[PDB]
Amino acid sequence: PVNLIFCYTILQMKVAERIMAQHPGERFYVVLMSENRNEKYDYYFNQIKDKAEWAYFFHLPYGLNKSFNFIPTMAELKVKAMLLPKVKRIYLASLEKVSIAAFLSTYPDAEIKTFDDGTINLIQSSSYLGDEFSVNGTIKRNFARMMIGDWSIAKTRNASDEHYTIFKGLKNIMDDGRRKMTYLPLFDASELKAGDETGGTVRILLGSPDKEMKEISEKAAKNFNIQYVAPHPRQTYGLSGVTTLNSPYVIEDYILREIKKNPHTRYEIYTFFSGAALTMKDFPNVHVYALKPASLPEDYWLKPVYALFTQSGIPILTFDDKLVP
């Protein structure tokens, strides 16, 4: 159980030091956020790093703060005035209307538009009311409590008149009557020239970011005879006995390039319920499979995941990982 202190000036750091020296028995994490860095600043930051359990110094880009901790002069007013950019419109993920809400309000006349955060846009309001979410003090209740509140503010607090979704035909949480829904497809399957699938089958497993799916994954690769793993961008460890595909592209892009180059090849994409299955279903010559490992709990994925997948036409294969050496 910790205390936080936030600073943005040297004198505020001296205050942080007085506050800590007054609570010798307490734990402190201390964040300095400042546009300036120099000998003077560091010296007082490092004084705080020596007393705090943890300390971080965000070195922000010049002119992000349009207010002042001091009383400004006509000079200091004019400079900030004429560097403050002139802002007509702002685009952001729906949930960023919550977390970058304080910046939004400093541009009250900017027209706002949002786009999907990701697959989290696809869980509809009522789903967060399910029994799955309604036990108490549980980790699933706290999540639902949170999203319900966050979506509320994203929908009701800084009027934005349009929402971009990348998912064709699945109801969006932001489709609330208060805004235009626009479909914006990220991926161009035309000009690919994909024909009949002769000359072979390439099998790829999508990697999981959970370091704990390493052994399930390796078994999946063996069971279904998959040669390649496409690692998750949030993924950090490796699989043994499976050729990892190293590439700067995300999977969808990489697969689009391969189809262009290999227009007769059957592509099989296996995934533990990654969002990619949803963006990829309709790709020509691509066949997507959800893998549901029997050894994980049933509640390891939220009920809405299963619904979304079968609603989207993706096979959910039961996989008996425990029967694989």
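When you see a residue number, it is the position in the sequence shown, counting from 1.
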Subject >> 15-23 set against 297-305, stretch whose average Cα temperature factor tops the other in the entry >> reply: 297-305
Original post:
Which has the higher mean CA temperature factor in the PDB entry, 261-269 or 45-53?
Top reply: 45-53
Original post:
Reading the B-factor column of the entry, which of 178, 203, 168, 78 has the highest value at its C-alpha atom?
Top reply: 78
Original post:
Per the PDB entry, which option out of 84, 229, 102, 71 has the greatest Cα B factor?
Top reply: 84
Subject >> B-factor third for the C-alpha atom of residue 151 within its chain >> reply: middle
Subject >> residue 58 by Cα B-factor - lowest, middle or highest third of the modelled chain >> reply: highest
**OP:** Could you say whether, by C-alpha temperature factor, residue 97 belongs to the lowest, middle or highest third of its chain?
**Re:** lowest
**OP:** Give the position of residue 288 by CA B-factor within its chain, expressed as the lowest, middle or highest third.
**Re:** lowest
Original post:
Among the chain's modelled residues, which third holds the C-alpha B-factor of residue 33?
Top reply: middle
